[PDB]
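Okay, so here's just one chain, in structure tokens, the form deposited in one PDB entry.
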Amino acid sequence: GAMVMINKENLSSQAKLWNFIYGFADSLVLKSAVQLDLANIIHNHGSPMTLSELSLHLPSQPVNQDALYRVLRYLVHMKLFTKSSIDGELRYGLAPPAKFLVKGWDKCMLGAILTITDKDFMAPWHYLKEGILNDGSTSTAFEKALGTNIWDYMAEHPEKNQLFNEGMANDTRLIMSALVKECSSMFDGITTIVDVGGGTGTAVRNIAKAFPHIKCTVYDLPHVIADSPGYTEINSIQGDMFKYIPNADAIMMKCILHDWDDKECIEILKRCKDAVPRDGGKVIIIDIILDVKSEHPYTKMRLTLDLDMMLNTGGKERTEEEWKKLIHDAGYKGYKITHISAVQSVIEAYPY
């Protein structure tokens, strides 16, 4: 026979399923709160605001106040926003994690939120079954959903190119302080550095400002360098890192190697090794290290990014043992990991 239930089933376990089913509601309610700029209206106001007060400052008019109330009720329940009775009125304030929704500091996450929750950029996730049950197709889910591989897609869609680049610029802003303060000695002795796949230059503009002695270069594909500002003192070069890595004292790669399969990473890493001097040259990798055995605050999002790479780029997020095999296979002498209390860690890879 089958299981026969004879008493009340657990509500909490059913609610766990419902909450996972509706996970996307947290994503897309958060998207709307960002688009409405609620956190910044309140933060600029400097104290909790009534529904009416909030409405007057919203990005467009008119405002459906019943809808706004109901979205605020949901955001209160997420514990991003607060609601309380003050002097005879209901007033909406910010909870502590809403600080990341507030503009004007390095940990504001708004760019990354608008990129990741974009409708077209979410589409590949609908093709996850197809990533396992391939039917012999070797295309990424991104190509199944949007027509071609991610990099050529950005080349062909300027508005999406800009959205993607600004999400990565934001992710870079989140780490740059910890990188230039905690890892300052990594930049000792260096006179030149190339950020390979450096995006629209957030990382190099920050390194250049912190280390005015170092001649910095950003290097990426033409359509990304075309979405970047021009500065006289930083070199901007375009090209294909699979064919050319510029000789420099140090090469850096942030959120690059997680886009590629093992063979491709080894090829990239070998070319980076050949580009730096035997005397003090180093390759600085910034990417996730997946823990195998313990849970950390960013564990859940690092596993999420593992699937994101699987679907969107064809890459993966790697454990330390996997990083070790790759760096070994590329012919380096060894590596050193530095944690910077971020999603990614720093891995210095040292040639002979």
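Quick note: we count residues from 1 along the sequence shown, nothing fancier. If you superpose the two forms and keep the largest set of C-alpha atoms that fall within 1.5 Å, you have the rigid core.
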**Item:** Residue gap status of residue 240, at least a third of other entries
**Value:** yes
**Prompt:** Quick one: across the other PDB entries of this protein we compared, is residue 121 left without coordinates in at least a third of them?
**Reply:** no
**Message:** Please compare 84-92 with 114-122 and say which has the higher mean C-alpha temperature factor in the record.
**Reply:** 84-92
**Prompt:** Hey, which bit's got the bigger mean C-alpha B factor in the entry, 232-240 or 147-155?
**Reply:** 232-240
**Message:** For the CA B factor values reported in this entry, which option in 282, 77, 173, 160 has the top one?
**Reply:** 282
**Message:** Among the choices 265, 253, 179, 218, identify the one whose CA B-factor in the record is greatest.
**Reply:** 179
**Where the record places residue 53 (Cα B-factor, split into thirds across the chain)** = highest
**Message:** Can you tell me whether residue 292 has a C-alpha B-factor in the lowest, middle or highest third compared with the other modelled residues of the same chain?
**Reply:** highest
**CA B-factor placement of residue 60, once the chain's modelled residues are sorted into thirds** = highest
**Complete:** Among the modelled residues of its chain, the C-alpha B-factor of residue 209 falls in the third labelled highest
**Entry-reported Cα temperature factor of residue 165, expressed as the chain third it lands in** = lowest
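Quick note: we don't show the form deposited in another entry, though the next part is all about it.
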**Item:** Position with Cα shift of 2 Å or more, rigid core superposed between the shown form and the other one, options 71, 94, 110, 180
**Value:** 180
**Asked** Quick one: core overlaid, is residue 85 moving 2 Å or more at the Cα between the shown form and the other one?
**Response** no
**Prompt:** residue 167: CA shift of at least 2 Å between the shown form and the other one after core fit?
**Reply:** yes
**Message:** Does residue 38 shift between the shown form and the other one by 2 angstroms or more at the C-alpha, the core having been superposed?
**Reply:** no
**Asked** Which way does the C-alpha gap of residue 163 and residue 105 go in the other entry, closer or farther, given it changes by 3 angstroms or more?
**Response** closer
